[PDB]
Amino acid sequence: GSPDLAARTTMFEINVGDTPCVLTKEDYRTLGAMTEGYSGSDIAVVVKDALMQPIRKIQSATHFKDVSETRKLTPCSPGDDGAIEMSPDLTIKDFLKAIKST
């Protein structure tokens, strides 16, 4: 038998561990259910894919905005006040993406 939304909740925790983020418990409860029928390796892969995301955002997105400490430019649409054409945080939305892409 595989983890049950309960065992899958903690699995997401463990793999994230200390990695600087802010998914509140609420968020994990969600990713636990999204994964009904998933396995440890699965959920574990899943989380490895998320992350490496904040990095992809800055790798592909060529347009950074300043949110500054002195200065701190990051990936932005360009219709965001200040978009500076030139080549971020782990929201629950990031773990969301890598759910489909796997």
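Throughout, we count residues from 1 along the sequence that is shown.
- In the deposited sequence, the stretch from residue 39 to residue 40 has no residues without coordinates, so the chain runs on without a break.
- Gap between residue 87 and residue 88: 10 or more deposited residues without coordinates.
- The PDB entry records a higher mean C-alpha B factor for 75-83 than for its counterpart among 10-18 and 75-83.
- Per the PDB record, residue ranking by Cα B-factor puts residue 65 in the highest third of the chain.
- When the modelled residues of the chain are ordered by C-alpha B-factor, residue 27 sits in the middle third.
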